[PDB]
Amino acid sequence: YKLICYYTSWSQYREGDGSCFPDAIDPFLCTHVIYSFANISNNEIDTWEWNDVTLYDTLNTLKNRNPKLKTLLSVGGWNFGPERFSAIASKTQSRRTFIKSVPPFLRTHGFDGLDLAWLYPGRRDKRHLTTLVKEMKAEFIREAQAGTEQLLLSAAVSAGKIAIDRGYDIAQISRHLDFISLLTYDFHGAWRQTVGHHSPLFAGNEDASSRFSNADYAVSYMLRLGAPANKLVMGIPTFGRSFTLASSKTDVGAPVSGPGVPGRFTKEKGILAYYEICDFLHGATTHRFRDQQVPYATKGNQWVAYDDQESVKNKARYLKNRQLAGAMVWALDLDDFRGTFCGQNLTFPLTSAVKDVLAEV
């Protein structure tokens, strides 16, 4: 089993305890740590934060304590326009430029592979995304001749029935990718004026109409489209999406006025770090959709959908039962990395929970 963990660049700038650096990461927790995100300039992979080279080096020195640990650098991301990706993949000339720029970069900084986070290719991009993946892998193969261990190539893929059908040739890119991370935590939110859970595991006999927005459907669909179980990694959230209620109705379908108030540390409307949720929980009524097997909480006019230890072990048992390759966690810096916010003194409570289940049978 693989436990792929993302670490995000900007989490260094959070104040107080929210501030998180590579060295706060337990070398033995994950099997792969992914640094998000690299920029692209004059069609070449490039850094993003001013101190990326220091943090790269910090993250990669962890391989000194755990030698089996592999690290990767993710490209693209959310504040990286998909049109920007689009324009590079469609012109064989600039694509080849970017591809050739990658290996030396990873080699200089010490990464073991690249992670493609193009979010998201449209109907018009499907053909080129297939190409970028092919040629990139082809290049990683040609470079291993120099005598060094071959670089890995992975991609963070959408888990939405429509997004998959529109922009991904799943049968083609699995042959070429070392593993695929399924973004199974983006099923609600997206600005819809009703309350709902962004990452349920199951359909839930109740509000069905969506019938496609759950990890179970997403996983089953990918297997059917041609992706082999041993390359699929299922995404597990370490954050929750919040909502400001528009009425006193707290149950399913209740109306919503907009995102939830910002977290004291993460400072962004609509999402909350798990360690912030640990604190939000005191004084809140907690609930659990039993059909979907994920919790949610309320306090005043704040409604929060999140993942506790229990729901996360549950998801982990599921991927074990469908024989997937492992779990992907977004993100280490949102978990209780210090272990001083959630009660029971344990650093990385959610990621550890996943790791425990994966370490059993």
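Take the two forms, superpose them, and find the largest set of C-alpha atoms that agree within 1.5 Å; that set is the rigid core. Counting begins at 1, following the sequence as shown.
- Taking the rigid core as the alignment reference, the C-alpha atoms of 186 to 194 lie farther on average from the displayed form in 6 other deposited structures of this protein than those of the other stretch among 186 to 194 and 115 to 123.
- Of 204 to 212 and 162 to 170, the stretch whose C-alpha atoms sit farther from the shown form in 6 other deposited structures of this protein, after fitting on the rigid core, is 204 to 212.
- Set 201 to 209 against 278 to 286 and average the Cα temperature factors; 201 to 209 ends up higher.
- Per-stretch averaging of Cα B factors for 147 to 155 and 181 to 189 places 181 to 189 on top.
- When the Cα B-factors of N321, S311, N43, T61 are read from the PDB record, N43 comes out highest.
- The PDB entry assigns its highest CA temperature factor, among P255, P237, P104, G76, to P255.
- Compared with the other modelled residues of the chain, the Cα B-factor recorded for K267 ranks in the middle third.
- Among all modelled residues in its chain, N301 ranks in the middle third by Cα B-factor.
- Per-chain ranking of the deposited C-alpha B factor places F337 in the lowest third.
- Sort the modelled residues of the chain by CA B factor and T347 lands in the highest third.
- The PDB entry assigns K231 a C-alpha temperature factor belonging to the middle third of its chain's modelled residues.
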